[PDB]
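Take a look at the structure set out below.
Naming convention: chains lettered A, B, ... in sequence-line order (proteins, then strands); numbering from 1 in each chain. Just so you know, these numbers use all the heavy atoms, side chains as well, and skip hydrogens, waters and symmetry mates.
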Amino acid sequence: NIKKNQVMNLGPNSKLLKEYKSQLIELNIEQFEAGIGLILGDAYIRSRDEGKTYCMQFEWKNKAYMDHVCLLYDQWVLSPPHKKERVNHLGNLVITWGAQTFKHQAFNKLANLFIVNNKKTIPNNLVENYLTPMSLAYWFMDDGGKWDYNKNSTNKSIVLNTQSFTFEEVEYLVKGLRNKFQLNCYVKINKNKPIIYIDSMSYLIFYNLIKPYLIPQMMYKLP
DNA sequence: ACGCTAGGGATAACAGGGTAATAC
DNA sequence: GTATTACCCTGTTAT
DNA sequence: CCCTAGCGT
Ligand SMILES: [Ca+2]
Ligand SMILES: [Ca+2]
Ligand SMILES: [Ca+2]
Ligand code: NA
């Protein structure tokens, strides 16, 4: 059986590579559960072949987090993270890291959790039936943050930046978070867009749910 | 005065596109 | 040539 | 995502 070591440097259309590919069938449990939070978060899952296969693309400022994720998806990620340096329209140097898994049907299982009537979307009940505490940890490390950033502040309220989802979508997400994890939360408008507000009242419950999965370098997002 | 908020800005993300490296 | 496709790349903001 | 000006008390 081919070893990652043997194809991580071959051409994309290489036979040896495709063999290693066929030796893989499905994502392992962590890869799947964490996958939910990442897709809800900063990751990007795409298909270039009408749903035959999907790969996940990653891009983060924090290198530590990037390396944590690549390691989590180890067997699906051939190359180390690539450094991306660009200039804004303000002539400013912004640094980020990029990486991605190769495409594979193993990813269809994750992708599908977000397609209904044939469109990318957030299903009512995604939370209820699939979002595990691990899922929540990654969603938090990705789009989570504090409500009050003022220094010395004592507000424990939390926020999930869901500004790219529809209000109805976030509305469904909130229902699932309340019902499934008894989190005192609700939708709030920001720049005419939806974010999830998690009352400080439930901070400790929220915290105890994701605590096991967050890494040292993400601990700063917590109040 | 001080704690919230919502308003706001410069990213730190998300989305797609293009091609050098294999196959036949 | 034509078909593949992982690893960059740039377009653009919602975060 | 974070910051912070300035409303509300
Ligand atoms: Ca997001
Ligand atoms: Ca993030
Ligand atoms: Ca975005
Ligand atoms: Na994000």
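Between the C1' atoms of B:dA13 and B:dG9, the separation comes to 15 Å (whole Å). For the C1' atom pair drawn from C:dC9 and B:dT22, the interatomic distance equals 22 Å after rounding to whole Å. Taking atom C1' in both B:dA23 and C:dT5, one finds a spacing of 13 Å when rounded to whole Å. Comparing C:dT13 with B:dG7, their P atoms are spaced 22 Å from each other, to the whole Å.
Backbone-only engagement by A:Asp42 is indicated by non-hydrogen atom pairs under 4.0 Å involving sugar-phosphate atoms exclusively. Residue A:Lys21 is in sugar-phosphate contact alone, with no base atom involved, counting any heavy-atom pair closer than 4.0 Å across all strands shown. Among the protein residues, A:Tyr220 comes within range of the sugar-phosphate backbone only, with heavy atoms under 4.0 Å from sugar or phosphate atoms but none that close to a base. Among the protein residues, A:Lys191 comes within range of the nucleic acid bases, having at least one heavy atom under 4.0 Å from a base atom. Across all strands shown, A:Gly41 has heavy atoms under 4.0 Å from sugar-phosphate atoms exclusively, and none from any base.
With contacts defined as side-chain heavy-atom distances shorter than 4.5 Å, the pair A:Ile210/A:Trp139 does not qualify. Side-chain atoms of A:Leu214 and A:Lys221, non-hydrogen and from C-beta on, never get closer than 4.5 Å to each other.
Atom P of nucleotide C:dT4 and atom CZ of A:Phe102 are separated by 19 Å, given to the nearest angstrom. Per the geometry, OH belonging to A:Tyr149 stands 14 Å off P belonging to C:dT15, to the nearest Å. Straight-line distance from the CG atom of A:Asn62 to the P atom of D:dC1: 11 Å, rounded to whole Å. Atom pair A:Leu160:CG and C:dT15:P shows a separation of 13 Å (rounding to whole Å applied). Regarding A:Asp49, its CG atom lies at a distance of 15 Å from the P atom of C:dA3, rounded to whole Å. Whole-Å rounding puts the A:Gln163 CD to D:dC1 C1' distance at 8 Å. Here the P atom of nucleotide C:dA6 and the CD1 atom of A:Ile45 are 14 Å apart, to the nearest Å. Straight-line distance from the NZ atom of A:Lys61 to the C1' atom of C:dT15: 13 Å, rounded to whole Å.
A salt bridge does not link A:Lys175 to A:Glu171: none of the charged side-chain nitrogens sits closer than 4.0 Å to a carboxylate oxygen.
Looking at which nucleotide of DNA chain B each of A:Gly11 and A:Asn150 is closest to, the 5′-most match is held by A:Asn150. When each of A:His89 and A:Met8 is assigned the nucleotide of DNA chain C with its nearest heavy atom, A:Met8 is the one assigned upstream, toward the 5' end. When each of A:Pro12 and A:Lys188 is assigned the nucleotide of DNA chain B bearing its nearest heavy atom, the one mapping closer to the 5' terminus is A:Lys188.
The phosphate of C:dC7 has OP1 or OP2 within less than 4.0 Å of a side-chain N or O from A:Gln100. Using a 4.0 Å cut-off, no side-chain N or O of A:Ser79 falls inside it from OP1 or OP2 of C:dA6. Note on A:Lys146: every side-chain N or O is 4.0 Å or more away from OP1 and OP2 of D:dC3.
Across all their heavy atoms, A:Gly11 and A:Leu17 have their closest contact at O-CD1, 3.7 Å. Across every non-hydrogen atom of A:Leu27 and A:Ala106, the tightest pair is CG-O, 3.8 Å. Taking both residues in full, the closest heavy atoms of A:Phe167 and A:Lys193 are given as CZ-C, 3.7 Å, listed atom of the first, atom of the second, then distance.
Using a 4.5 Å cut-off between side-chain heavy atoms of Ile, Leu, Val, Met, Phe, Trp and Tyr, with links allowed through other members, A:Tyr186 and A:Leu173 fall into different hydrophobic clusters.
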As a quick check of understanding, evaluate side chain to side chain contact (heavy atoms under 4.5 Å, CB included) for A:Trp97 and A:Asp67, giving each step before the final call.
CA-CA 10 Å; A:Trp97 292 88; A:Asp67 295 316; over 6 Å; no

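A:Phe206 and A:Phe140 have perpendicular rings, their planes meeting at more than 60° on a 0 to 90° scale where under 30° would count as parallel.
When DNA chain B is scanned 5' to 3' for any atom under 4.0 Å from a heavy atom of chain A, the first and last hits are B:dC4 to B:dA23.
Taking only distance into account, the side chain of A:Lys84 meets the base of C:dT10 through a donor-acceptor pair shorter than 3.5 Å.
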